[PDB]
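Here the structure comes first, spelled out in structure tokens, and everything after it is commentary.
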Amino acid sequence: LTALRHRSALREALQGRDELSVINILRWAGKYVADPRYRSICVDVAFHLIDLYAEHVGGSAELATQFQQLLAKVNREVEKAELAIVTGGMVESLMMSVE
Amino acid sequence: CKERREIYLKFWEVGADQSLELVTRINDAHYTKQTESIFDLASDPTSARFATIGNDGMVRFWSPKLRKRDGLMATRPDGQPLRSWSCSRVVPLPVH
Amino acid sequence: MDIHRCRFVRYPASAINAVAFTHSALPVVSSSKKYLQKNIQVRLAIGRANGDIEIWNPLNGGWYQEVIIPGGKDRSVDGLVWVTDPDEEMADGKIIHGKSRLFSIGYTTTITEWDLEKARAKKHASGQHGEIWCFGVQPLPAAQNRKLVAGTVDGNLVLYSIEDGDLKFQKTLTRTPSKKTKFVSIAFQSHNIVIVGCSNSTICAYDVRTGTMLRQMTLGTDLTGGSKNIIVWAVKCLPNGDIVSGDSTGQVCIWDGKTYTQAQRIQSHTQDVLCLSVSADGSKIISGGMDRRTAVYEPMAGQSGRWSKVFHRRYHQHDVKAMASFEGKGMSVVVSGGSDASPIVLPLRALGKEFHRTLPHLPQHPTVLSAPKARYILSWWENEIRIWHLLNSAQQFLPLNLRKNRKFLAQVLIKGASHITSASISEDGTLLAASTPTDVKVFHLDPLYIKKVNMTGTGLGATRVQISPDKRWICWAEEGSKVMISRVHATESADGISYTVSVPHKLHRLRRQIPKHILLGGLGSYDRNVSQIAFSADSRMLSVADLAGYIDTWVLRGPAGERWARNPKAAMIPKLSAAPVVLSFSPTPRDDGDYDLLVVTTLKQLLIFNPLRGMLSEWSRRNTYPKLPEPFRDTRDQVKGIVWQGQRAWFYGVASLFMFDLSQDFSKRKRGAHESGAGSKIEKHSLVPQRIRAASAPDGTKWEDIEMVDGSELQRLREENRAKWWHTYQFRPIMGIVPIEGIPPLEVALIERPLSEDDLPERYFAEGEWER
Amino acid sequence: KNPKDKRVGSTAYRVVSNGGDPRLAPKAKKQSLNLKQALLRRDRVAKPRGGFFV
Amino acid sequence: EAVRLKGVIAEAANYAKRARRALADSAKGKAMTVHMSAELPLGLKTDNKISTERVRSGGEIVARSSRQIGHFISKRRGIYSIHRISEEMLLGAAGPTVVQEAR
Amino acid sequence: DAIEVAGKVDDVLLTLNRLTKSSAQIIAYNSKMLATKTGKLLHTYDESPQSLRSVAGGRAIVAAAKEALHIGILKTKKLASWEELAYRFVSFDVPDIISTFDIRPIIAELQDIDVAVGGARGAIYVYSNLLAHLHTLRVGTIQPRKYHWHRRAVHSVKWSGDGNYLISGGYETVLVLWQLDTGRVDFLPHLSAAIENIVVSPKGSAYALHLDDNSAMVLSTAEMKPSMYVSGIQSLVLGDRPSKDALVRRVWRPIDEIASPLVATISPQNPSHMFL
RNA sequence: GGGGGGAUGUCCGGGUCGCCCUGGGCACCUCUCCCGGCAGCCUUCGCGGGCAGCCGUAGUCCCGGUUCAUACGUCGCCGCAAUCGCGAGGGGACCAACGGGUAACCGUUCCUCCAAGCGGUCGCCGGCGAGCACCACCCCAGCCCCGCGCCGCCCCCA
């Protein structure tokens, strides 16, 4: 995926998919936002699949539920990133209290 | 695109056959809420120290150390130890 | 005019399996022997995978789809062969042209000669063997002793006789030694030397006299990977003696024939070759294959026997399964047919000099009907008739309710295995009629409930069928040429209306005057099959027209004392210069008791008759063909049909639309330029150059252009006897324009059929050829 | 279709069957038709047929 | 909560602006697929007007020919549509009234 | 070129000089005629002229206009006197925008020529027999053989020795070779930069390429290996001749510019070296 | 996009009441020049300039509804060094989401532990075996595919 954003063909790579294919790619995405080490690239792909396959979510409700299970991890992915900075401030001026 | 800027820094050694080899790579040498475009780099003319300034505003000072985690020194298979640079110092900058 | 566009009628396409000219070429004459070469009947026969064999007339750029004969269920075609005798000379030097017999193969052990005069299969002939996978006629040097060669799956070359109008399997030339060789492509380098490409990567050369084996040619493994059998998909012969063959790697090979060995290989396509063509002088090579792509190749200057590709291009959207080339009466073309249902024709001598022509993928007949009082629309194919009711107008809606507005109302399926040639409906939609080549059946409908009105007297089918607007007469073109009518009687009872058909009454068509050499030569008594039939708006007058241009009409004399007699002015009705494509009575009545018959022939000849006077209407005497507007004069589109208005008539081809005011009179495509029978010339980007300027006078100010070549009194009278017209092409795949009710306003259904990959068969790819 | 034959065990009683094609057209052999189909489709694979569907 | 609803009202205003563009062109008579009911399309997508430029090999661009533009308006057409002509069209002045089935 | 003025073969110089911007003129010179700086005007043509080459000797010359081509055939034979140096010219439009071209002279006479021409669409037209096609007012129907492989501009097209291979290279860093005896292509696929130029040895042995990153490679045939290797500074150059794909309005039109100074360090402990 | 106009259709004070208008709402066709590009043709080496310019929108006689893709030289085995992954099976949370059921709750997906075992990447100053041959011809059995006949079952009427 770093290769396909670097040679700019992620949009080509994802614009021709089908129901089951975006089921699999969404399943990978929803599995792998949670790692921040590739969260950027994953959320780029997530943006693209939103641009590309949000139309037939009512035509296929099992993918709407997959579209939901995208959020169903993301609504606690706000809390991981938030509580990160909540912990992220808890360290920094304890370092200041050293001096 | 200014969000999706990707800025590598790589430390390299050179062999007398003009060989350029990696020793380290840092993906984030200047980071705040988003990445900071790193402004300048300079060498200490007396020591192996590289200072650099970025959009963070901090100047960071990097020196090569020996790869040795818990006393086990990391040697290249020919025997020589693995050198690796590191942020030896950080200096923030007061702004007006 | 309120128009309802429609795309839910999934008219299924069919893969063209055969393209077949009745002549590969004609001997070239000058302008002064055009009168000799005028009466030569040249046509193109095509077979599609639903078993449909259809004949078109080239018309030197016209390409009018003459006839369609569909075959039954689980019935396809793959081959097609014309058998034209050499031209006969009568005792006084009159010419009788060669009677061209049509033969086909129906994926059987049987070869079938077809009769197009009675418009069915004439004869079958079957040998005890495998299934024939290529066949063709022995060429000409004997004179009256010609034969058919057919290769098959087990191998055995079967040999049929064709003379005295007979089609009988004679004997087997030779079978392959292996039990694993399939005979897949046939050609003939000489009268007695036959060359057949064959499944085990071979091209075997035999002599037909004693069934002997001249040689074998070999083909390697496909170094494209596995599947180590090369499939010799096609062979063609150059007229000078060399042999060329297309293969399974997409390559093409060139073979010296006097030693039958290969001089050259060319790597051209990426997937397989499916068809080839050679110029009639033996100069140009054409190769069409399943990369939806086709190439042309020329001989290298200098080096003998060496050729090279000039270029390639995608014309089609699916493969190019079959093709046929013609070079005669100044028209050098090649017709290519595949599976995207659209024939594509190319110039040979002006290849890279004129644009191609995409013929309509849809049939000539519109095959769309409407009971406008019932607002029922109708379309039939292989065994079924499909009916939609619209149940609402357009001004009521003038989004969410158009889906309920249309409705898949009904679908009836015919019994047996035949196909519906034609159909007719009553104006109120209570009477339906389906015509097969085997029988004709009527169905009474009550708003549904459908009952089968059973027909007596028939048993041989019909080609055309119309029902009178007053629901009293049913007429049919039986076996193409035989017009026959039966009265239907509508008896009421306490349950409702019921209908009983009388005996079919025959009405004798007029004995036309044709010379005997024309009656014998060509396709013989062929064009006498009729294409268009019409009752009047009151069904007191009947009129029929054939493929020749003749029109025979009939009057209805009342006293059931009603019977149809001949109109005496039908003799004064003259024969048309072209085949009439559309004819219709005017529903707006006249004031003298006569009718007004609007006719358009395939040269776009628009005119109108006063048939009881036996003459043209005065408005047609006024408005001439030079008076006709140029967007109608230049269309290259055969008029599919007409819908009437009060003072207007709305015409439609396949991609064109017009409306004319018949009350009024009237005041880009080039005209005087001479081309082949396909497309207009190139203007901007062609492989040939356009401006060739020589330069004398070294200052460069004097140049040269090197050409690249190998009724005044009548209009006085017609003006002393004494606009509103419109055209568009913004509805490209029109298959039906049918009126409905609910200069007057009318609603109308414009049903189209765009082609998709979904309708198309799917493309298969191995690992290498993966298209971008 | 054609009526199937009734054997006594030794003899095969059959009604003769020739009523299918009066004058229309010969019924194609789907077996050989599939042979030619695969012979085109030697070892390739097709494309995903449509777009977004089950 | 403000950032959550920041996002939603941002995209809502953007899609409403593009919908003003598309329904302006539809009232003109360019026959685009826009929504007809009083509820939000799940795809927040609009039919843009056809790019008159056609990208060719290798990167060169020629303007789109009217033939392919008509091919593109044809593929943008739907399954069933009432396409009423006017007498102002018949004389050549104004345009039609198009109503396609809600897709 | 080298021609026989009366009985002595000497060097003639053909100068293509613009008279307006969209037009130019070709003028012949001897040594003494160039010394007196007067010249033999042969042809002026008015369609944004690009170039000119000629056959060995002086039988045929060829001017490359943007979309057309001009062919000059020397009217007299053996060139008895100097003053009878006249060339019959015919112009004709190539269907693509002409980038470059090469010719093989079909030969002790000059019996014909075969011309390959490459255009920035990525196309090669080869014309088989121009002299036999234009020697004959009326001419027969001419049609080149089409060869499209490259997506971007083609930059350098030549013939292989005995002319059996159409050798070429352009922007896409692939040395491409049309087979010309069968329908195959053979390519040395991944060069370091765009192929700016291709040239051929006197024998069929050695190819020499100029490559867009200031480089030159001389290879031997079917060895394809660097037998003579030279590279230069490879700096960002403001191009005198701007670009060969800057003619047909790409999505990004490449512009000769320098938006930043070059990054470079001389090596200490070895000041003879510099990284850039 | 602006600045502006001539004209289409429209409501609220309205007017002798009609041509419509002013005051508010206005959407469009048109004209106007200033926005962005695109071309050509002279100019000068070029830098630049000039000239008469088109387009920013829709359906065609046909028809560009096109043309376009990146190499051989050798493979297989298993060993070393760094590096990552999957996980059979056995365990936890019941967080979240979905679909049912009011609900209880169920189920599905998910989060995570332990892990039999298993690969994958680069560097091997690793080793080992072998190169047409993963072939030609032929034959016999075999997986798939497809064709028809025979049964087995279920049918219904009987």
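Residue numbers (this note's numbering), protein chains in the order written: chain V, 677 to 775; chain P, 246 to 341; chain H, 92 to 863; chain X, 5 to 58; chain C, 92 to 194; chain S, 1291 to 1566. In this text, a Cβ means the ideal position worked out from N, Cα and C, and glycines have one as well.
Item checked: Rounded distance between the beta-carbons of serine 177 of chain C and residue 203 of chain C, thought under 8 Å -> Only positions 92 to 194 of chain C appear in this structure, which leaves residue 203 of chain C out of reach.
Next item on the list: Could you pull out every residue in the same chain whose Cβ sits closer than 7 Å to the Cβ of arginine 687 of chain V, ignoring the five residues on either side in sequence?
Entry: Closer than 7 Å at Cβ, skipping near neighbours: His724.
Check: Can you tell me whether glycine 571 of chain H is buried or exposed, with buried defined as 16 or more other CB within 10 angstroms of its CB?
Finding: Burial call: buried.
Notebook entry, point to check: Which residues bound the alpha helix (DSSP H) around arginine 713 of chain H?
Noted result: Per DSSP, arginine 713 of chain H belongs to the alpha helix (DSSP H) from 709-713.
Notebook entry, point to check: Whole beta strand (DSSP E) runs in the region 760-831 of chain H with 3 or more residues, listed along the chain?
Noted result: Counting only runs of 3 or more residues that sit fully inside the region 760-831 of chain H, the beta strand (DSSP E) segments are 783-786, 794-796, 816-819 and 825-831, in chain order.
Notebook entry, point to check: Who are the neighbours of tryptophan 1542 of chain S on chain C, taking C-beta pairs under 8 Å?
Noted result: Close to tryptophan 1542 of chain S, with beta-carbon spacing below 8 Å, are these residues of chain C in chain order: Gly150.
Check: Going along chain H in order, which residues have a C-beta closer than 7 Å to the C-beta of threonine 1431 of chain S?
Finding: Residues of chain H passing the Cβ test: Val779, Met799 and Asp801.
Checklist line | Inter-residue Cα distance where the pair is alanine 109 of chain H and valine 335 of chain H | finding: Straight-line measurement puts the Cα of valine 335 of chain H at about 20 Å from the Cα of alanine 109 of chain H.
Item checked: Beta-carbon proximity check, residue 866 of chain H vs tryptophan 564 of chain H, cutoff 8 Å -> No answer is possible for residue 866 of chain H: the residues shown for chain H start at 92 and end at 863.
Notebook entry, point to check: Who are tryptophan 330 of chain P's beta bridge partners in DSSP?
Noted result: According to DSSP, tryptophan 330 of chain P bridges with P/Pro309.
Next item on the list: Using a Cβ cut-off of 8 Å (strictly closer), state whether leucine 133 of chain C contacts chain V.
Entry: Closer than 8 Å: yes.
Note to self: Give me the subset of the region 1521-1545 of chain S whose CB atoms are less than 8 Å from a CB atom of chain C, sorted by chain position.
What the structure shows: Cβ contacts with chain C: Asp1535, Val1538, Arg1539, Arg1540, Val1541 and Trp1542.
Check: Can you give the Cα-Cα distance for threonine 203 of chain H and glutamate 569 of chain H, rounded to whole angstroms?
Finding: For the pair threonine 203 of chain H and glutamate 569 of chain H, the Cα-to-Cα distance works out to about 22 Å.
Next item on the list: Return the residues of the region 39-53 of chain X that lie within a Cβ-Cβ distance of less than 8 Å from chain H, sorted by chain order.
Entry: Closer than 8 Å at the C-beta level to chain H, one finds these residues of the region 39-53 of chain X: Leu39, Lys40, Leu43, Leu44, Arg45, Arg46, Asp47, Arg48, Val49, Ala50, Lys51 and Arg53.
Check: Near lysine 190 of chain H, which residues of its chain fall below 8 Å by C-beta distance, leaving aside the five closest residues on each side in sequence?
Finding: Within the same chain, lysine 190 of chain H has close Cβ partners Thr175, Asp176, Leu611, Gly612, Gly613, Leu614 and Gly615.
Note to self: For the pair the region 791-800 of chain H and the region 1399-1407 of chain S, tell me if three or more CB-CB distances fall below 8 Å.
What the structure shows: No, they do not touch.
Check: Is there at least one Cβ from chain C nearer than 8 Å to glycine 1347 of chain S's Cβ?
Finding: Judged by the 8 Å Cβ criterion, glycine 1347 of chain S is not in contact with chain C.
Notebook entry, point to check: Is the distance from the Cβ of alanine 628 of chain H to the Cβ of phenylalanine 700 of chain H below 8 Å?
Noted result: In this structure, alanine 628 of chain H keeps its C-beta atom at 8 Å or more from the C-beta atom of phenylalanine 700 of chain H.
Next item on the list: Show which residues of chain X have a CB atom less than 7 Å away from the CB atom of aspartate 165 of chain H.
Entry: Going along chain X in sequence order, the residues near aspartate 165 of chain H (Cβ under 7 Å) are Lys31, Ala32 and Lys34.
Note to self: Please identify the residue among V/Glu768, V/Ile726 and V/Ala757 whose C-alpha is closest to the C-alpha of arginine 713 of chain V.
What the structure shows: Comparing Cα-Cα distances from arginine 713 of chain V to each of V/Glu768, V/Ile726 and V/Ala757, the minimum goes to V/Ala757.
Next item on the list: Name the residue from H/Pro671, H/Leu707, H/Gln696 and H/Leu239 whose alpha carbon lies nearest to the alpha carbon of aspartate 685 of chain H.
Entry: Of all alpha-carbon atoms in H/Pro671, H/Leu707, H/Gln696 and H/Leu239, the one lying nearest the alpha-carbon of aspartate 685 of chain H is that of H/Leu707.
Next item on the list: Give me the Cα-Cα distance between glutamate 843 of chain H and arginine 167 of chain C, rounded to the nearest whole angstrom.
Entry: As the crow flies, the alpha-carbon of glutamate 843 of chain H is around 14 Å from that of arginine 167 of chain C.
Check: Quick one: any contact between the region 616-625 of chain H and the region 182-198 of chain H, if contact means 3 or more CB pairs under 8 Å?
Finding: In this structure the region 616-625 of chain H does not lie against the region 182-198 of chain H, because fewer than three pairs of beta carbons, one per stretch, are closer than 8 Å.
Next item on the list: Quick one: which unbroken beta strand (DSSP E) runs of 3-plus residues sit fully inside the region 132-189 of chain H? Chain order, please.
Entry: You should have 135-139, 143-148, 155-161 and 170-175.
Item checked: Contact with chain V by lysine 166 of chain C, beta-carbon distance below 8 Å -> No, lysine 166 of chain C lies away from the interface with chain V (no Cβ there is under 8 Å from its Cβ).
Next item on the list: Could you list which residues in chain S have their beta carbon closer than 7 Å to that of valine 189 of chain C, in chain order?
Entry: Residues of chain S passing the Cβ test: none, with the nearest at roughly 34 Å.
Check: Going along the chain, which residues of its own chain have a beta-carbon closer than 7 Å to the beta-carbon of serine 736 of chain V, five neighbours each way excluded?
Finding: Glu695, listed in sequence order.
Item checked: Straight-line gap, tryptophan 704 of chain V to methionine 123 of chain C (C-alpha atoms, nearest Å) -> If I take the Cα positions, the gap works out to 35 Å.
Note to self: Which residues in chain S have a C-beta closer than 8 Å to the C-beta of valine 146 of chain C? List them in chain order.
What the structure shows: By Cβ distance, chain S contributes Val1541.
Check: Beta-carbon separation of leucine 367 of chain H and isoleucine 377 of chain H under 8 Å?
Finding: The Cβ atoms of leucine 367 of chain H and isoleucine 377 of chain H sit closer than 8 Å to each other.
Margin query: Using a Cβ-Cβ cutoff of less than 7 Å, which residues in the same chain neighbour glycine 550 of chain H once the five nearest sequence positions on both sides are dropped?
Written below: Contacts found: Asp530.
Notebook entry, point to check: Of the residues H/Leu539, H/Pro538 and H/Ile505, which one's Cα is nearest the Cα of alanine 524 of chain H?
Noted result: Out of H/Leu539, H/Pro538 and H/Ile505, H/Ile505 has the C-alpha closest to the C-alpha of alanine 524 of chain H.
Margin query: Please list, in chain order, the residues of the region 712-732 of chain V that have any C-beta partner in chain C closer than 7 Å.
Written below: Within the region 712-732 of chain V, the qualifying residues are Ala730 and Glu731.
Next item on the list: Closer than 8 Å by C-beta to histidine 1333 of chain S: which residues in its own chain qualify, once you throw out the five before and the five after it? Chain order, please.
Entry: For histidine 1333 of chain S, where only same-chain residues beyond five positions count, the Cβ hits under 8 Å are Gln1315, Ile1316, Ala1353, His1360, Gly1362, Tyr1377 and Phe1379.
Check: Is DSSP giving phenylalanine 723 of chain V helix, strand or coil here?
Finding: Here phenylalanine 723 of chain V sits in helix by DSSP.
Check: Using a Cβ cut-off of 7 Å, which residues of the region 758-786 of chain H contact any Cβ in chain S, in chain order?
Finding: Of all residues in the region 758-786 of chain H, only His776, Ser777, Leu778, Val779, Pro780, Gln781, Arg782, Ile783, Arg784, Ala785 and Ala786 place a beta-carbon less than 7 Å from a beta-carbon of chain S.
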